[PDB]
Structure formats: structure tokens, C-alpha cells
S.K.: 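Take a look at the following structure, please.
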Amino acid sequence: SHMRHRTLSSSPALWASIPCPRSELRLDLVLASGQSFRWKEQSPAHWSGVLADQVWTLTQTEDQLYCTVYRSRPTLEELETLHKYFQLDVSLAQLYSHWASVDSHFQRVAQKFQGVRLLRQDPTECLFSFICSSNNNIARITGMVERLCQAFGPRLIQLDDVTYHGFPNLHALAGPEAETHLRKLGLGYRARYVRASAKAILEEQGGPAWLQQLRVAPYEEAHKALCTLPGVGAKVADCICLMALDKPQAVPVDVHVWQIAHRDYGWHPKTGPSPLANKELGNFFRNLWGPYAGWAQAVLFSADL
Ligand SMILES: CC1(C)C[C@]1(C)NC(=O)c1cc2cccn2cn1
Ligand code: NI
């Protein structure tokens, strides 16, 4: 049978709920704001996307987070993965209270933009997404990741006229004629860094377990470990630390963070963008906001854009 994208009222038996306030999580500010490039609003207030070889559709009310999975309702083990994915153990109301008390700009700006939090993405999925995010906007990166999973990744399921695929493994990305195939999709110079980084993680280090070890390791050790890989610079390493390897203190610094820091906080380097000045600006926000520095940065990004 031809399968369709599910809404809450259409097939209500297949939906399971999680008790989650709207102030703790807003899906329309988190799922397509540069963190993850896998979610699309197919029908109004209904975001569909892949999570480790399984398609989901997500929606919410003022007090509930309704979710469904495609193959019956989601299991208690599958509801545990979404609780870890959104990181609902971390209370967002305590952080917004902490940031607002120690920052006047945040107190005014973060009124309208509640429920902005960091996702807990897969390190492999997160790493190769931001390697091909070199001077490209959200629409361009979302196209690259979709075509990347279509060609290399395994086919999962079709809903309406959209074929969903899982994310490619390290073996597929580190193939024999992979660079030629990746260049055909429209990667450019980034295609070489995907093949090189895939060979480094799989062959030399071990596999996906090496990136899982960095999640347990410290922030300085994790960031330095990512920078050794080919293609991963300083800014992309901080993105992966914040979004995958459980480093809330990590602050990705680029030209847009310079604009906010300069205009809204009056910041300057003690000496334009540079390795020393960007490192200083990351520490400035860690000193202001505290251990959840990158989470506060996500709120300003949502409010600015
Ligand atoms: C999407 C895009 C063009 C690649 C850019 C420039 N976005 C980000 O790097 C970024 C960083 C970040 C830190 C906390 C939340 N964030 C959300 N998006
Ligand atoms: Ni100035």
C-alpha cells in the first residue's frame, strides 16, 4: 500500500506522547536552525525525518510532545532515545533564568524565543554534515546531505513522493571510487575531505567507537582530536563538540558571532577574525554565560535570524 505522512488526528493510535512543555522545547526553532539538516515540515506543525535507520514524525501541543515511528506505536526503549536526543533531562528554565540574571541583552532578547536547545546527534552523522558546510547556507547543505544519503546510504521507507535513507557508514564513504561519486553529487573540494576523514576514522583509529570515546573525554582533548582530521577546522570542531560529543561549553566562532559580540556586547580582540581572536571570543562567552555557553549561543542565533 501507498504510505502517507502521518498527522495526529488522522492515525491517532500510532502516536505516543512525552510530557514536555513548549517553553522547554519548540520544534520549529530547533529542527531546521543549522543544527541538523534531516528534518522537513511536510504538513503544518509536523516535522518528519530520520533517526538511525528509522523515519519519525514529530509534533507538539502546549504540554505534550507527540511522536510516531514508521515500520504500531513507539516502544518505551524508542521513547528513551528521543528523551536523550532532545536532552530533556537538562532543564531549560533554570538556564534561561541563569543567563537572564547575568546578561541584560539575553533578558530582553530571549523573551520571544523560548524552547531553544541543542540536539544530541550521532557523531558520524554530525561530523560529515559540517565537513560539507563550507560557505554554504542551510538550503544548500540540506540538499547535499539528502543526495549523500540517497546515493551512499541504505533505503529505509517511502512516504508520499519522498524516499528516506539512513546516513552512510564509514565503509561506504571510504570506498574505491568514492571521490568520483561524491563529486558528481556537487560537493566540490569537500568530497576529498569526506574520503580522507572516512579512511582515518575507519582504518587507522577503529570506527564509530573512536568518536564515542571523544564524548567521554574532556572538551580540550575532544576539540584537539577533531582538528587533526582532514577538512575539520576550528569552527567545525566546536560545532561537533557542542552538537554530538556532549560539550555545552563549546562555542563555534565565525563572522556572525563576531557581529553579535561586537554590536550587542561591545567586544574587541586584545591585539578582524583570526585563530587567536576566535579562541579569545569563545572564552569570553564561556566566562559570561558559564558551562552551557553553546546553548545560550543557539538562543541568540534563533533570535537574530
Ligand atoms: C547552517 C549554517 C549555514 C552552517 C551555519 C553557518 N550554522 C552554524 O554553524 C550553527 C552554530 C551553532 C551553535 C549553537 C547552535 N548553532 C546553530 N548553527
Ligand atoms: Ni567597535
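Indexing begins at 1, ligand by ligand and atom by atom, following the structure's order. For this chain, numbers begin at 1 and follow the sequence in order.
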S.K.: Can you name the atoms of ligand 1, numbered from 1 with element, that are less than 4.0 Å from a heavy atom of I138?
M.R.: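 Near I138, the atoms of ligand 1 are 1 (C).
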
S.K.: Evaluate the ring planes of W289 and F285, with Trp represented by its six-membered ring, and classify them as parallel (under 30°), tilted (30 to 60°) or perpendicular (over 60°).
M.R.: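 Taking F285 first and then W289, their aromatic rings lie parallel (interplane angle under 30°).
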
S.K.: Hey, which of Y265, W295, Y96 is the one that makes ring pair (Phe, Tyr, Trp, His ring centres under 6.0 Å) with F106?
M.R.: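 For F106, the ring pair (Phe, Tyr, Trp, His ring centres under 6.0 Å) check succeeds only for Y96.
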
S.K.: Only heavy atoms count here, so choose which of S33, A32, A250 is nearest to atom 17 (C) of ligand 1.
M.R.: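 Comparing heavy atoms across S33, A32, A250, the nearest one to atom 17 (C) of ligand 1 lies in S33.
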
S.K.: Under the 3.5 angstrom rule, does the side chain of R38 hit a backbone N or O of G49 as a donor-acceptor pair?
M.R.: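 Such a contact is absent between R38 side chain and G49 backbone.
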
S.K.: Show me which atoms of ligand 1 lie under 4.0 Å from any heavy atom of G294.
M.R.: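 Per the distance check, 14 (C).
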
S.K.: Would you tell me which option among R140, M243, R117 has the nearest heavy-atom contact to atom 16 (N) of ligand 1?
M.R.: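 That would be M243.
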
S.K.: I'd like to check whether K235 has a polar contact with ligand 1, where a contact means an N/O of the residue lying under 3.5 Å from an N/O of the ligand.
M.R.: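 Min N/O separation from ligand 1 is below 3.5 Å for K235.
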
S.K.: Side chain, backbone, both or neither: which applies to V251 and ligand 1 if a contact is any heavy-atom pair less than 4.0 Å apart?
M.R.: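 Within the 4.0 Å criterion, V251 makes no contact with ligand 1.
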
S.K.: Looking at the rings of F301 and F113, which for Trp means the six-membered one, are their centres under 6.0 Å apart?
M.R.: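 No, ring centres 6.0 Å or more apart.
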
S.K.: With ring centroids as reference points, do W56 and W47 lie under 6.0 angstrom apart?
M.R.: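 Ring-ring flag for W56/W47: false, centres at least 6.0 Å apart.
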
S.K.: With a 3.5 Å distance limit and no angle check, can you tell me whether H165 reaches the backbone of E146 through a side-chain donor-acceptor pair?
M.R.: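 Between the backbone of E146 and the side chain of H165 there is no qualifying donor-acceptor contact (under 3.5 Å).
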
S.K.: Run the numbers for me: atoms of ligand 1, each under 4.0 Å from some heavy atom of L242, listed by number.
M.R.: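 This gives 13 (C), 14 (C) as the contact atoms.
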
